[PDB]
There are 2 protein chains.
Amino acid sequence: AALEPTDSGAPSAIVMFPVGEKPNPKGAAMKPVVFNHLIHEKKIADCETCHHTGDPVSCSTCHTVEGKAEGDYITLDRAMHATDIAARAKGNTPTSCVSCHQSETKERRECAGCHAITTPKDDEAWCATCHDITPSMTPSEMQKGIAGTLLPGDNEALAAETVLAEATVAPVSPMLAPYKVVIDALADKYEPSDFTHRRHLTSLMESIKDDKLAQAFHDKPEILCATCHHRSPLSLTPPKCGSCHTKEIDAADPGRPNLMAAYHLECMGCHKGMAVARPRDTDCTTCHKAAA
Amino acid sequence: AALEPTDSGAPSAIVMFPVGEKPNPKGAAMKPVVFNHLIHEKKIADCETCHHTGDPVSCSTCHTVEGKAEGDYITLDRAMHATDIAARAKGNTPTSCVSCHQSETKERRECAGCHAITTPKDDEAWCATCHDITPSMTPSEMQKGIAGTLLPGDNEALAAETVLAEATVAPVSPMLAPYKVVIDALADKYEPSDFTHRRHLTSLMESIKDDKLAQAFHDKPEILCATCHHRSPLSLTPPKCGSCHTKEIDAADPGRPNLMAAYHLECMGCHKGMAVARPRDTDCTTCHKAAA
Ligand code: HEM
Ligand code: HEM
Ligand code: HEM
Ligand code: HEM
Ligand code: HEM
Ligand code: HEM
Ligand code: HEM
Ligand code: HEM
Ligand code: HEM
Ligand code: HEM
Ligand code: HEM
Ligand code: HEM
Ligand code: HEM
Ligand code: HEM
């Protein structure tokens, strides 16, 4: 039942609390975050990538909710979520939880296709992927974590309970969505684009099927459908692109591409993102045969 | 079952479908919208405010999904959700669903205080407030609604079943939130501000307790807490403002107010929005007495 021990001597899993000096008797705070150090140290080889100062200590020893000189007044909020971290001319460039994860999406070919075109969503389910404590923690325990007085045994117990109770959401099967879609809304100079809908989603899914970071944040069964079917409720029958993207110019919606450009930008955007060899963006017949 | 017949003669409630010419055999679309004509016409005096062309005919006779000349190519999506509609110098300026509802939040003092400072949120739960059809509608009926061959009695039956299954979420009691809060995060030149938390919420809630539009859209029990406790999961114990808002301007987040401006902008923002006589924004000591 015990969690697997780390090689490092860090706790296998640890509950991270909103550490600060301002009294917070009512526990006004996000849910604490249980961090799975085991999983992370197996994947990220350099301890100092994260522990950027070289010190094997809790980030909140320096980055408290309100900020303290040891962390150059960089707060807990900033240290955990910062998306725009400047490269340090000298020494280590720190990482945040959010910044490293986002990097994975851009630098790994299997992730960078979809993540070239996704409509970012940082909603409650996004926060909850990390702000994820077991319901068994009491207010009193929340207070001891804030105060640094929780005993390491209780931190372990809460952490283990939480990790043991996590479950990975399974993405809906590509069989529940079209096998192909004959995109013919605009057909004129070319024949329809016979989009291999199932072939596409199956392939994209297969390359990430065991990735623990994707599995944790792809956390609704239909969520991958939003990669293309964006800005509408998750659904097995989403609205057509052309319900929101007009064929002609739409100056009342300056940010929305017209329908041809919508297909081109989205289809070619992923192809570029994940370096798809064929079709190239300059290939004007592989996606749609020339009309008679 | 059947609904209350209207004075106008329109069906008491009407299912609105994604009407257009292009085949949609799989019903790729949002859920149809059940519009409560009865409730609307009892509140809105002039038929022409909505039926801007003067004749009470379905909007999608002119505003199809793809658009067409009889609607000046303004699509069904633009006609229902348009937010930035130009005032017409000749005749009736059209309204959309969204635009009139937004006007309500702005032009009515009981709505305009919170709505001067809320963090706008057009998420799935917002969409579903209107895209709200009974689960009993079958794909075949959806096809007939799209094609305009659904029998009027069938439309009626679907709308009545939908309306009669509607649920209003009750907002949590202000007794579940603090009576008063000593706001002392920044205490220095002034004493802490002893904010009348419960009196504020209770008062704001009292004034909208019977409003059907607010009731539909305020659709999570803790949603009203988000008026002030924004950008975090709905919670009875949200994070402190100062967990995200730093004491001094952070150059890393230069559009995020610092903590003092966070309080001032929020507190004075609603006060201005709903024409609160006192405190004026210059009545400093009213919100925080000078420090002895
Ligand atoms: C989602 C948008 C989200 C929000 C909101 C959020 C807020 C936030 C706050 C305000 C803090 C500071 C402490 C407090 O409770 O006031 C906090 C701290 C941590 N966060 Fe967070 N956070 C959200 C998103 C996420 C995501 C997606 C992750 C993981 C990648 C994450 C991580 C952390 C960690 C770690 C902490 C410190 C521990 C704690 O104080 O709970 N956050 N977050
Ligand atoms: C490399 C193998 C490595 C070491 C060693 C290490 C140590 C370490 C310790 C001793 C702790 C506990 C500190 C405390 O005083 O409680 C700890 C905690 C955290 N670590 Fe770590 N760690 C190593 C690797 C990494 C890597 C690669 C990551 C980033 C992906 C990382 C992150 C963290 C975090 C976050 C914590 C929790 C701090 C808290 O607030 O509880 N570690 N680490
Ligand atoms: C714990 C593993 C930990 C995290 C995570 C963390 C993150 C972090 C961020 C993202 C920054 C950069 C912020 C920016 O806006 O540029 C940052 C910067 C500093 N930190 Fe840190 N940090 C972690 C832990 C610790 C430790 C334990 C301390 C104190 C010993 C600390 C200190 C600092 C300071 C100082 C800086 C500034 C460095 C710079 O080059 O500006 N961090 N941290
Ligand atoms: C590749 C293994 C991969 C990673 C890693 C990954 C991570 C990831 C995160 C962390 C999120 C949350 C939002 C954020 O950027 O922090 C996220 C969200 C979505 N992803 Fe993803 N993802 C990877 C791969 C893929 C693939 C192959 C697809 C397309 C099929 C995909 C799409 C999605 C979508 C949709 C979301 C939600 C919207 C968003 O916030 O981007 N991801 N992913
Ligand atoms: C995720 C599993 C998902 C589902 C569900 C889904 C459904 C869906 C339907 C029902 C159609 C309509 C077909 C018709 O007109 O009869 C459709 C059409 C398109 N899809 Fe899709 N789809 C899902 C996933 C994805 C993904 C991840 C992408 C992009 C890689 C994608 C793309 C498209 C496109 C393009 C179309 C055509 C829409 C149009 O031309 O209006 N879908 N999908
Ligand atoms: C159908 C699968 C479809 C495609 C294709 C499509 C593409 C598309 C692109 C390339 C953009 C620009 C980049 C981006 O994602 O921001 C874009 C922009 C918006 N879309 Fe779209 N879109 C598809 C479907 C839909 C649907 C069904 C809607 C309406 C519910 C919708 C709406 C929007 C909007 C809004 C934006 C603009 C965002 C902004 O920058 O202001 N799209 N889409
Ligand atoms: C090569 C650069 C290229 C050209 C040229 C091109 C043109 C084009 C037109 C004019 C349309 C409108 C429909 C018509 O038949 O006139 C059209 C629409 C689609 N395209 Fe395209 N297109 C070029 C390249 C690409 C590539 C590489 C892709 C696939 C990644 C692609 C896809 C699409 C799709 C989908 C549509 C919609 C088809 C329809 O609605 O009939 N195009 N393109
Ligand atoms: C929430 C952001 C939301 C989305 C997304 C959205 C989309 C949408 C589309 C794409 C259409 C056109 C037809 C289609 O199904 O393809 C459509 C049509 C209607 N809408 Fe809508 N809609 C969203 C939000 C809302 C809300 C909050 C309202 C009510 C104020 C509303 C209303 C309607 C109406 C009425 C229609 C016409 C009937 C229909 O086609 O279902 N929408 N919407
Ligand atoms: C004023 C008292 C008034 C009249 C009269 C009126 C009539 C009416 C009819 C007869 C219908 C049905 C149309 C059809 O052919 O199916 C209808 C439908 C809608 N109405 Fe209406 N209506 C009057 C008042 C108003 C008011 C003030 C509004 C806006 C708040 C409103 C809106 C609508 C809408 C929307 C519908 C449904 C149209 C659809 O596409 O199905 N009406 N009305
Ligand atoms: C457009 C077709 C449209 C839709 C859809 C829509 C929806 C809607 C709902 C879901 C509510 C809540 C109560 C109910 O279920 O009926 C509601 C309430 C009112 N609305 Fe509305 N509404 C649409 C159109 C419009 C228009 C064009 C206006 C103003 C001209 C408007 C106004 C209002 C009013 C006011 C209310 C509350 C009525 C009350 O009894 O207090 N709506 N609407
Ligand atoms: C006054 C009677 C009033 C109305 C009307 C109203 C409407 C309303 C709607 C239509 C929404 C959905 C979002 C949109 O703008 O379309 C919405 C959302 C929220 N409201 Fe509201 N609301 C009225 C009053 C009040 C009052 C007095 C408060 C504060 C106590 C309040 C709060 C909010 C919150 C928060 C939201 C969600 C976030 C957002 O989308 O604004 N409203 N309301
Ligand atoms: C009147 C023009 C005015 C001034 C001046 C003023 C300044 C002020 C300061 C300097 C702060 C920091 C706290 C301190 O004690 O130094 C501060 C804080 C808050 N204020 Fe203020 N303020 C003025 C006006 C207003 C008004 C009219 C309100 C109420 C509507 C108000 C609100 C607040 C609150 C709340 C805070 C935080 C208090 C704390 O954390 O100690 N102020 N203000
Ligand atoms: C909705 C019912 C709601 C809840 C729940 C909520 C709770 C709450 C908490 C627990 C506190 C912390 C108090 C403490 O630390 O002693 C708190 C504090 C403040 N709130 Fe609140 N609150 C709810 C709603 C509202 C509303 C609608 C507003 C704005 C009108 C509001 C305001 C605030 C403010 C300001 C504070 C102080 C926060 C700080 O100084 O960090 N709340 N609330
Ligand atoms: C923000 C923390 C904030 C402060 C501080 C504050 C104070 C304040 C004073 C001192 C009064 C007069 C007496 C009283 O306590 O009622 C006053 C009254 C009203 N306020 Fe206020 N106010 C703060 C915030 C807000 C917010 C964010 C709103 C609207 C969402 C709001 C509204 C009101 C109302 C209305 C009044 C008048 C009395 C009533 O009818 O309840 N306040 N506030």
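The first residue you see is number 1, and the count goes up from there.
Determined via X-ray crystallography, 1.8 Å.
For all residues, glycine too, the Cβ spot is worked out from N, Cα and C.
Swiss-Prot annotations:
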BINDING   B:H37, B:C47, B:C50, B:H51  heme 1 binding site
BINDING   B:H40, B:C97, B:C100, B:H101  heme 3 binding site
BINDING   B:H52, B:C59, B:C62, B:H63  heme 2 binding site
BINDING   B:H81, B:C127, B:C130, B:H131  heme 5 binding site
BINDING   B:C111, B:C114, B:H115, B:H218  heme 4 binding site
BINDING   B:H197, B:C225, B:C228, B:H229  heme 6 binding site
BINDING   B:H200, B:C267, B:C270, B:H271  heme 8 binding site
BINDING   B:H230, B:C241, B:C244, B:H245  heme 7 binding site
BINDING   B:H264, B:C284, B:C287, B:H288  heme 9 binding site
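A 10 Å radius around the C-alpha of B:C50 (heme 1 binding site) takes in these binding-site residues out of B:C97, B:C114, B:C287, in sequence order: B:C97. A gap of 11 Å separates the Cα atoms of B:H218 (heme 4 binding site) and B:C225 (heme 6 binding site). Cα proximity to B:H81 (heme 5 binding site) (within 10 Å) is found for the following binding-site residues from B:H37, B:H51, B:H52, B:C62, B:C97, B:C284: B:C97. Checking the binding-site residues B:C47, B:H51, B:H197, B:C228, B:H229 against chain A with a Cβ-Cβ cut-off of under 8 Å leaves no residue at all. Note: B:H229 (heme 6 binding site) has non-local neighbours B:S235, B:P238, B:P239, i.e. same-chain residues 6+ apart with C-beta under 8 A of its own C-beta.
Of the chain residues outside the heme 5 site list B:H81, B:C127, B:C130, B:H131, B:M30, B:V33, B:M80, B:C97, B:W126, B:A128, B:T129 have their Cβ within 8 Å of the site's Cβ mean position. Of all the Cβ atoms in the protein chains shown, 20 others lie within 10 Å of the Cβ of B:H245 (heme 7 binding site). Annotation: B:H115 are the binding-site residues among B:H40, B:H52, B:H63, B:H115, B:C287 whose CA atoms are within 10 angstroms of the CA of B:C270 (heme 8 binding site). Each of B:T105, B:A112, B:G113, B:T118, B:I208, B:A214, B:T227 belongs to the same chain as B:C111, B:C114, B:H115, B:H218, is absent from that list, and has a C-beta within 8 angstroms of the C-beta centroid marking the heme 4 site. Take the mean position of the Cβ atoms of B:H40, B:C97, B:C100, B:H101, the recorded heme 3 site; other residues of that chain with a Cβ within 8 Å of it are B:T95, B:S96, B:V98, B:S99, B:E104, B:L213. Listed in sequence order, the binding-site residues near B:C228 (heme 6 binding site) (C-alpha within 10 Å of its C-alpha) are B:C114, out of B:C62, B:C114, B:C287. Cα spacing between B:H37 (heme 1 binding site) and B:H288 (heme 9 binding site): 48 Å, rounded to the nearest whole number. Annotation for the binding-site residues B:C50, B:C100, B:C241: lowest Cβ count within 10 Å of the residue's own Cβ, B:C100.
Rounded to a whole value, the Cα-Cα separation of B:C127 (heme 5 binding site) and B:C287 (heme 9 binding site) is 38 Å.
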